[PDB]
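Peer 1: As input, take my_file_30.txt (compact mmCIF, C-alpha atoms and all ligand atoms):
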```
# COMPACT_ATOMS: atom_id res chain seq x y z
CA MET A 1 10.39 24.65 21.35
CA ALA A 2 10.21 22.48 24.43
CA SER A 3 6.59 21.47 23.79
CA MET A 4 6.89 20.63 20.11
CA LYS A 5 5.34 17.25 19.43
CA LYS A 6 6.67 14.32 17.41
CA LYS A 7 4.62 12.57 14.76
CA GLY A 8 4.02 8.94 15.54
CA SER A 9 5.09 5.95 13.51
CA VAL A 10 3.09 4.10 10.89
CA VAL A 11 1.78 0.92 12.54
CA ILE A 12 0.88 -2.41 10.97
CA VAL A 13 -2.64 -3.18 12.19
CA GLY A 14 -3.56 -6.14 10.00
CA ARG A 15 -3.03 -7.83 6.69
CA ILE A 16 -4.77 -8.98 3.54
CA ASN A 17 -4.43 -12.77 3.69
CA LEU A 18 -3.68 -14.21 0.24
CA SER A 19 -2.10 -17.47 1.41
CA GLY A 20 -4.97 -19.76 0.49
CA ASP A 21 -7.92 -19.96 -1.89
CA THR A 22 -9.87 -17.16 -0.16
CA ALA A 23 -8.66 -13.58 0.21
CA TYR A 24 -9.66 -12.00 3.50
CA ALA A 25 -8.68 -9.14 5.77
CA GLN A 26 -7.29 -9.85 9.25
CA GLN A 27 -6.91 -7.33 12.04
CA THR A 28 -3.88 -7.90 14.25
CA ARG A 29 -4.03 -4.75 16.44
CA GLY A 30 -6.95 -2.64 17.76
CA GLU A 31 -7.27 1.15 17.78
CA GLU A 32 -6.00 1.77 21.34
CA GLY A 33 -2.98 -0.48 20.87
CA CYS A 34 -2.35 1.14 17.51
CA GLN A 35 -2.25 4.59 19.13
CA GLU A 36 0.24 3.42 21.79
CA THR A 37 2.49 1.65 19.26
CA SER A 38 2.49 4.72 17.04
CA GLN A 39 3.76 6.94 19.85
CA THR A 40 6.42 4.49 21.04
CA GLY A 41 7.42 3.06 17.67
CA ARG A 42 7.79 -0.37 19.33
CA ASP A 43 5.72 -3.12 17.71
CA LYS A 44 6.43 -6.65 18.87
CA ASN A 45 3.56 -8.25 16.95
CA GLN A 46 4.22 -11.07 14.49
CA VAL A 47 4.10 -9.89 10.85
CA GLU A 48 3.03 -12.24 8.07
CA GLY A 49 2.21 -11.94 4.40
CA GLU A 50 2.78 -9.58 1.50
CA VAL A 51 0.06 -6.94 1.96
CA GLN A 52 -0.17 -5.14 5.31
CA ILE A 53 -2.93 -2.88 6.58
CA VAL A 54 -1.27 0.16 8.15
CA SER A 55 -2.43 3.15 10.17
CA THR A 56 -1.31 6.50 11.50
CA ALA A 57 -3.19 8.51 14.09
CA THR A 58 -5.35 9.95 11.33
CA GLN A 59 -5.37 7.59 8.35
CA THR A 60 -5.46 3.94 7.36
CA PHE A 61 -4.19 2.47 4.09
CA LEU A 62 -2.13 -0.46 2.76
CA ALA A 63 1.54 -1.37 2.31
CA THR A 64 3.05 -4.02 0.02
CA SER A 65 6.34 -5.91 0.29
CA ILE A 66 8.25 -6.19 -3.01
CA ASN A 67 11.96 -7.14 -3.24
CA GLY A 68 12.45 -6.98 0.55
CA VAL A 69 10.98 -3.47 0.90
CA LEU A 70 7.62 -2.57 2.40
CA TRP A 71 6.23 0.09 0.06
CA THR A 72 3.39 2.53 0.46
CA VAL A 73 2.19 6.00 -0.58
CA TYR A 74 3.70 9.26 0.58
CA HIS A 75 0.21 10.78 0.84
CA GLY A 76 -0.54 8.24 3.62
CA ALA A 77 2.83 7.90 5.36
CA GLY A 78 4.56 11.21 4.76
CA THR A 79 8.12 10.92 6.10
CA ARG A 80 7.08 8.81 9.09
CA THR A 81 9.03 5.98 10.63
CA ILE A 82 7.43 2.54 10.90
CA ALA A 83 7.01 0.79 14.23
CA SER A 84 9.17 -2.31 14.64
CA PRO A 85 10.21 -4.66 17.44
CA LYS A 86 13.32 -2.60 18.26
CA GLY A 87 11.76 0.83 17.85
CA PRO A 88 11.07 3.18 14.99
CA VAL A 89 12.65 2.45 11.61
CA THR A 90 13.43 5.32 9.21
CA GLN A 91 12.28 5.16 5.60
CA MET A 92 14.97 3.90 3.25
CA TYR A 93 13.14 5.38 0.24
CA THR A 94 11.14 8.60 0.01
CA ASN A 95 9.94 10.07 -3.29
CA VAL A 96 7.17 12.67 -3.04
CA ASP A 97 7.21 13.11 -6.82
CA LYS A 98 6.15 9.46 -7.25
CA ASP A 99 3.93 9.40 -4.13
CA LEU A 100 6.20 6.60 -2.91
CA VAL A 101 7.91 5.56 0.32
CA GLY A 102 9.55 2.39 1.52
CA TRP A 103 10.99 0.78 4.62
CA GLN A 104 13.00 -2.41 5.05
CA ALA A 105 10.48 -5.25 5.01
CA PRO A 106 9.56 -6.48 8.52
CA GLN A 107 10.83 -9.82 9.78
CA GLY A 108 8.19 -12.39 8.94
CA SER A 109 6.77 -10.65 5.91
CA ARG A 110 6.83 -12.25 2.46
CA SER A 111 7.72 -10.27 -0.65
CA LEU A 112 6.13 -10.20 -4.07
CA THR A 113 8.32 -10.60 -7.14
CA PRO A 114 8.33 -7.81 -9.78
CA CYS A 115 6.41 -8.83 -12.87
CA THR A 116 8.33 -9.46 -16.09
CA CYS A 117 5.32 -11.00 -17.95
CA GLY A 118 4.52 -7.95 -20.07
CA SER A 119 0.78 -8.86 -19.54
CA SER A 120 -2.04 -6.31 -19.36
CA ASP A 121 -4.62 -8.39 -17.46
CA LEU A 122 -4.19 -7.22 -13.85
CA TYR A 123 -5.80 -7.59 -10.43
CA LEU A 124 -6.10 -4.90 -7.75
CA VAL A 125 -6.25 -6.04 -4.10
CA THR A 126 -8.22 -3.75 -1.76
CA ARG A 127 -8.16 -3.32 2.03
CA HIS A 128 -11.39 -5.34 2.15
CA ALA A 129 -9.65 -8.22 0.32
CA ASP A 130 -11.63 -7.62 -2.85
CA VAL A 131 -9.66 -8.75 -5.90
CA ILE A 132 -10.70 -6.37 -8.70
CA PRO A 133 -9.89 -7.18 -12.36
CA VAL A 134 -8.13 -4.25 -14.05
CA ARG A 135 -7.07 -3.93 -17.68
CA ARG A 136 -3.75 -2.14 -18.04
CA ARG A 137 -4.24 0.97 -20.19
CA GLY A 138 -0.83 2.66 -20.08
CA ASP A 139 2.38 2.81 -18.10
CA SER A 140 0.61 3.87 -14.90
CA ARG A 141 -3.13 3.45 -15.49
CA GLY A 142 -5.64 0.63 -15.64
CA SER A 143 -9.40 0.47 -16.10
CA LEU A 144 -11.77 -1.39 -13.80
CA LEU A 145 -13.68 -4.07 -15.67
CA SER A 146 -16.57 -3.25 -13.31
CA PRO A 147 -16.51 0.38 -12.13
CA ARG A 148 -17.08 1.02 -8.42
CA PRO A 149 -17.94 4.05 -6.26
CA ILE A 150 -14.75 5.63 -4.98
CA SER A 151 -15.93 4.64 -1.47
CA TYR A 152 -14.99 1.06 -2.35
CA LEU A 153 -11.37 1.99 -3.09
CA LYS A 154 -10.80 4.52 -0.30
CA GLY A 155 -8.15 3.25 2.08
CA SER A 156 -6.52 0.91 -0.43
CA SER A 157 -3.67 3.15 -1.61
CA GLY A 158 -0.44 1.28 -1.12
CA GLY A 159 -2.01 -2.03 -2.19
CA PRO A 160 -0.82 -4.12 -5.10
CA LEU A 161 -1.76 -4.56 -8.69
CA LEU A 162 -0.81 -8.11 -9.64
CA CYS A 163 -0.48 -10.04 -12.91
CA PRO A 164 -2.26 -13.39 -13.46
CA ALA A 165 0.77 -15.25 -12.00
CA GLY A 166 0.77 -13.14 -8.83
CA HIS A 167 3.75 -10.92 -9.56
CA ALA A 168 3.74 -7.27 -8.53
CA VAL A 169 2.96 -4.85 -11.36
CA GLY A 170 2.43 -1.69 -9.35
CA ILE A 171 1.32 0.09 -6.18
CA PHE A 172 -2.18 1.65 -6.16
CA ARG A 173 -1.87 5.44 -5.91
CA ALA A 174 -5.06 7.22 -7.02
CA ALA A 175 -8.55 6.63 -8.36
CA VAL A 176 -9.73 8.22 -11.61
CA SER A 177 -13.16 9.50 -10.63
CA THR A 178 -16.17 10.64 -12.65
CA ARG A 179 -19.26 11.65 -10.66
CA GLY A 180 -17.87 9.65 -7.74
CA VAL A 181 -17.42 6.45 -9.78
CA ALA A 182 -13.95 4.99 -10.23
CA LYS A 183 -13.61 3.81 -13.82
CA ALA A 184 -9.81 3.61 -13.65
CA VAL A 185 -6.88 3.64 -11.26
CA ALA A 186 -3.41 5.13 -11.30
CA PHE A 187 -0.49 3.16 -9.90
CA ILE A 188 3.25 3.41 -9.32
CA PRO A 189 4.72 0.90 -11.81
CA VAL A 190 6.99 -1.72 -10.30
CA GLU A 191 9.75 -0.56 -12.67
CA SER A 192 9.67 2.81 -10.94
CA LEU A 193 10.13 1.06 -7.60
CA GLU A 194 13.06 -0.85 -9.10
CA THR A 195 14.63 2.42 -10.31
CA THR A 196 14.09 4.04 -6.91
CA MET A 197 16.00 1.07 -5.45
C1 LIG B 201 1.23 14.96 0.13
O1 LIG B 201 2.15 14.58 -0.85
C2 LIG B 201 1.59 13.96 -1.94
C3 LIG B 201 2.54 13.49 -3.03
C4 LIG B 201 2.01 12.83 -4.26
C5 LIG B 201 0.50 12.64 -4.34
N1 LIG B 201 0.08 12.00 -5.55
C6 LIG B 201 -1.32 11.82 -5.65
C7 LIG B 201 -1.96 11.14 -6.85
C8 LIG B 201 -2.24 12.30 -4.53
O2 LIG B 201 -3.57 12.08 -4.77
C9 LIG B 201 -4.47 12.31 -3.64
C10 LIG B 201 -4.45 11.03 -2.74
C11 LIG B 201 -5.10 10.04 -3.69
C12 LIG B 201 -6.04 9.01 -3.04
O3 LIG B 201 -7.08 9.30 -2.49
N2 LIG B 201 -5.53 7.66 -3.12
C13 LIG B 201 -6.42 6.58 -2.79
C14 LIG B 201 -6.62 6.13 -1.36
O4 LIG B 201 -7.24 5.17 -1.03
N3 LIG B 201 -5.96 7.00 -0.45
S1 LIG B 201 -6.22 6.56 1.11
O5 LIG B 201 -5.68 5.27 1.50
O6 LIG B 201 -7.65 6.63 1.44
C15 LIG B 201 -5.45 7.85 2.08
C16 LIG B 201 -5.92 9.29 1.78
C17 LIG B 201 -4.02 7.56 2.48
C18 LIG B 201 -5.15 7.44 3.51
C19 LIG B 201 -6.38 5.44 -3.79
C20 LIG B 201 -7.65 6.28 -3.69
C21 LIG B 201 -9.06 5.81 -3.31
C22 LIG B 201 -10.19 6.54 -3.49
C23 LIG B 201 -10.24 7.92 -4.19
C24 LIG B 201 -10.90 8.96 -3.26
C25 LIG B 201 -11.03 10.33 -3.97
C26 LIG B 201 -9.60 10.90 -4.28
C27 LIG B 201 -9.35 10.82 -5.82
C28 LIG B 201 -7.91 11.24 -6.16
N4 LIG B 201 -7.70 11.06 -7.54
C29 LIG B 201 -6.61 11.76 -8.21
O7 LIG B 201 -5.93 12.60 -7.68
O8 LIG B 201 -6.51 11.30 -9.52
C30 LIG B 201 -5.57 11.89 -10.40
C31 LIG B 201 -5.89 11.17 -11.74
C32 LIG B 201 -4.11 11.68 -9.93
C33 LIG B 201 -5.88 13.39 -10.57
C34 LIG B 201 -6.96 10.29 -5.43
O9 LIG B 201 -7.01 9.09 -5.57
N5 LIG B 201 -5.96 10.79 -4.49
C35 LIG B 201 -5.71 12.38 -4.14
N6 LIG B 201 -1.83 12.95 -3.34
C36 LIG B 201 -0.41 13.12 -3.26
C37 LIG B 201 0.10 13.80 -2.01
ZN ZN B 202 3.88 -11.41 -14.12
```
If you convert what's in this file into structure tokens, what do you get?
Ligand SMILES: COc1ccc2nc(C)c(O[C@@H]3C[C@H]4C(=O)N[C@]5(C(=O)NS(=O)(=O)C6(C)CC6)C[C@H]5/C=C\CCCCC[C@H](NC(=O)OC(C)(C)C)C(=O)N4C3)nc2c1
Ligand SMILES: [Zn+2]
Peer 2:
Amino acid sequence: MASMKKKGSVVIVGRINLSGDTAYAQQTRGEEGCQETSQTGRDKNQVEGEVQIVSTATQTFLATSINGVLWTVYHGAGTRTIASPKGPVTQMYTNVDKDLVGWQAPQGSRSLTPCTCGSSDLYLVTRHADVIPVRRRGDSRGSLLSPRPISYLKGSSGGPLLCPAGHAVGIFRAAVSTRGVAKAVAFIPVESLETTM
């Protein structure tokens, strides 16, 4: 009992910058500082933007702020706290059945607005700041206009699918893979986030 370890916090280590005309990834914390912040849960770094790059000791993925909540996938975050300036913050939403978790959005982040356009021309944002056109094909699936090896999408779970006007349509969850090629993606629809709320 006395030696049982604690899992560390999820740590914001960068962001996907969408503020201007060029999308690009920014790193805001290196691997050593990430490891230390994960164990303490105390992250005093400035947060900006809608799409964060996040890490645990063993994985790296994305998280997206919608309606004042920073959302990501359960398969990346599990039940972990997130590091914050005052110490670890507990998830306010956890739904393993949806592969969904959420924490209160960090001070300084910006939130996306849920889409009400009813449009099926979407855009997936990856951890490399690629903006991938995706045609919506059902409630929780979309096809890539240009299929990509799954290598290209790995590490982008938790990222957004957006409509043409930049509203949030969903959270990227899984790639639909044939012979290692992603022809489609599965996502958590923003309406499911809204119901979880
Ligand atoms: C533990 O509790 C849970 C609860 C719910 C759950 N729901 C799940 C749906 C679930 O799927 C598993 C995780 C998820 C996954 O790899 N996502 C990311 C990603 O980038 N991840 S990540 O950032 O690298 C990482 C790994 C966090 C750091 C987006 C894709 C990028 C590339 C695809 C690589 C090859 C895997 C292809 C799987 N295709 C797949 O299953 O397709 C369907 C059509 C669904 C069969 C798939 O995509 N997969 C399996 N695992 C869970 C686990
Ligand atoms: Zn919209």
Peer 1: Name the residues in contact with residue A:108 at a cut-off of 12 Å, using all atoms listed in the file, excluding same-chain residues fewer than 4 positions from it; report them as number ranges by chain.
Peer 2: A: 44-50, 52, 65, 68, 70, 84-85, 104
Peer 1: May I ask which of the residues A:100, A:132, A:92, A:162 is the closest one to residue A:114, counting only C-alpha atoms?
Peer 2: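 Residue with the minimum atom-to-atom distance to residue A:114: A:162.
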Peer 1: Identify, on the basis of all atoms listed in the file, every residue whose closest approach to residue A:163 does not exceed 10 Å; exclude the query and any residue fewer than 6 positions from it along the same chain; express the result as a list in words.
Peer 2: residues 114, 115, 116, 117, 118, 119, 120, 121, 122, 123, 124, 133, 134, 136, 169 and 170 of chain A
Peer 1: Report as a list in words which protein, DNA and RNA residues come within 6 Å of ligand LIG 201 (chain B), using only C-alpha atoms and all ligand atoms.
Peer 2: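 Counting only C-alpha atoms and all ligand atoms, the residues within 6 Å of ligand LIG 201 (chain B) come out as residues 59, 60, 61, 74, 75, 76, 96, 97, 99, 150, 153, 154, 155, 156, 157, 173, 174, 175 and 176 of chain A.
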Peer 1: Residues of stretch 74-182 of chain A that have any atom at most 10 Å from an atom of stretch 14-26 of chain A: could you tabulate them with the shortest-distance atom pair and the distance in Å to one decimal, using only C-alpha atoms, ordered by chain and increasing number, as a tab-separated table?
Peer 2:
```
residue	atom	partner	partner_atom	distance
A:125	CA	A:16	CA	8.3
A:126	CA	A:16	CA	8.2
A:127	CA	A:16	CA	6.8
A:128	CA	A:25	CA	5.9
A:129	CA	A:24	CA	4.9
A:130	CA	A:23	CA	7.3
A:131	CA	A:23	CA	7.9
A:159	CA	A:16	CA	9.4
```
Peer 1: Using only C-alpha atoms and all ligand atoms, which of A:143, A:9, A:3, A:113 sits nearest ligand ZN 202 (chain B)?
Peer 2: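 Closest candidate: A:113.
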Peer 1: Return the single residue from A:73, A:190, A:101, A:11 that is closest to residue A:58, with distances computed using all atoms listed in the file.
Peer 2: A:11
Peer 1: Please measure the separation of atom ZN of ligand ZN 202 (chain B) and atom CA of residue A:167, giving the value in Å to one decimal.
Peer 2: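 One can read the atom ZN of ligand ZN 202 (chain B) to atom CA of residue A:167 distance as 4.6 Å.
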Peer 1: Suppose you want the space between atom CA of residue A:182 and atom CA of residue A:144; what is it in Å?
Peer 2: 7.6 Å
Peer 1: Name the closest residue to residue A:195 among the candidates A:1, A:93, A:172, A:7; distances are taken between atoms, counting only C-alpha atoms.
Peer 2: A:93
Peer 1: Separation of atom CA of residue A:106 and atom CA of residue A:41, in Å?
Peer 2: 13.4 Å
Peer 1: Do you know which residues are at most 10 Å from residue A:177 counting only C-alpha atoms, after dropping those on the same chain fewer than 5 positions away, and could you put them as a PDB file with C-alpha atoms, keeping the file's coordinate frame?
Peer 2:
```pdb
ATOM      1  CA  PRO A 147     -16.510   0.380 -12.130  1.00  0.00           C
ATOM      2  CA  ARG A 148     -17.080   1.020  -8.420  1.00  0.00           C
ATOM      3  CA  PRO A 149     -17.940   4.050  -6.260  1.00  0.00           C
ATOM      4  CA  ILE A 150     -14.750   5.630  -4.980  1.00  0.00           C
ATOM      5  CA  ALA A 182     -13.950   4.990 -10.230  1.00  0.00           C
ATOM      6  CA  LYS A 183     -13.610   3.810 -13.820  1.00  0.00           C
ATOM      7  CA  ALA A 184      -9.810   3.610 -13.650  1.00  0.00           C
ATOM      8  CA  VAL A 185      -6.880   3.640 -11.260  1.00  0.00           C
TER       9      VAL A 185
END
```
Peer 1: Identify which of the residues A:139, A:194, A:43, A:36 lies closest to residue A:107, counting all atoms listed in the file when measuring atom-to-atom distances.
Peer 2: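 Once distances to residue A:107 are computed over all atoms listed in the file, the minimum belongs to A:43.
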Peer 1: Which one of A:88, A:138, A:102, A:8 sits closest to residue A:193 if you count only C-alpha atoms?
Peer 2: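 The closest residue to residue A:193 is A:102.
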Peer 1: Output requested as a compact mmCIF listing (two decimals), in the coordinates of the input - stretch 2-13 of chain A, filled out with N, CA, C and O atoms.
Peer 2:
```txt
# COMPACT_ATOMS: atom_id res chain seq x y z
N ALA A 2 10.15 23.63 23.53
CA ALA A 2 10.21 22.48 24.43
C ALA A 2 8.95 21.63 24.36
O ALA A 2 8.99 20.45 24.74
N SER A 3 7.85 22.19 23.87
CA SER A 3 6.59 21.47 23.79
C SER A 3 6.29 20.93 22.41
O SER A 3 5.21 20.37 22.20
N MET A 4 7.20 21.09 21.45
CA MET A 4 6.89 20.63 20.11
C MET A 4 6.72 19.12 20.12
O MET A 4 7.49 18.39 20.74
N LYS A 5 5.68 18.66 19.45
CA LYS A 5 5.34 17.25 19.43
C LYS A 5 6.09 16.53 18.31
O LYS A 5 6.65 17.15 17.40
N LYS A 6 6.09 15.21 18.40
CA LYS A 6 6.67 14.32 17.41
C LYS A 6 5.53 13.58 16.73
O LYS A 6 4.57 13.18 17.38
N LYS A 7 5.61 13.42 15.41
CA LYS A 7 4.62 12.57 14.76
C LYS A 7 4.91 11.12 15.11
O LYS A 7 6.06 10.72 15.32
N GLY A 8 3.86 10.34 15.23
CA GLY A 8 4.02 8.94 15.54
C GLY A 8 4.45 8.15 14.32
O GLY A 8 4.52 8.69 13.22
N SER A 9 4.73 6.88 14.56
CA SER A 9 5.09 5.95 13.51
C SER A 9 3.84 5.40 12.80
O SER A 9 2.74 5.35 13.37
N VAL A 10 4.03 5.01 11.54
CA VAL A 10 3.09 4.10 10.89
C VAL A 10 3.12 2.78 11.64
O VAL A 10 4.18 2.31 12.05
N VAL A 11 1.94 2.17 11.81
CA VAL A 11 1.78 0.92 12.54
C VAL A 11 1.05 -0.09 11.67
O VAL A 11 0.01 0.22 11.09
N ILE A 12 1.60 -1.31 11.60
CA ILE A 12 0.88 -2.41 10.97
C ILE A 12 -0.24 -2.85 11.89
O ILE A 12 -0.01 -3.19 13.06
N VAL A 13 -1.48 -2.80 11.39
CA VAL A 13 -2.64 -3.18 12.19
C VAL A 13 -3.36 -4.40 11.66
O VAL A 13 -4.36 -4.82 12.26
```
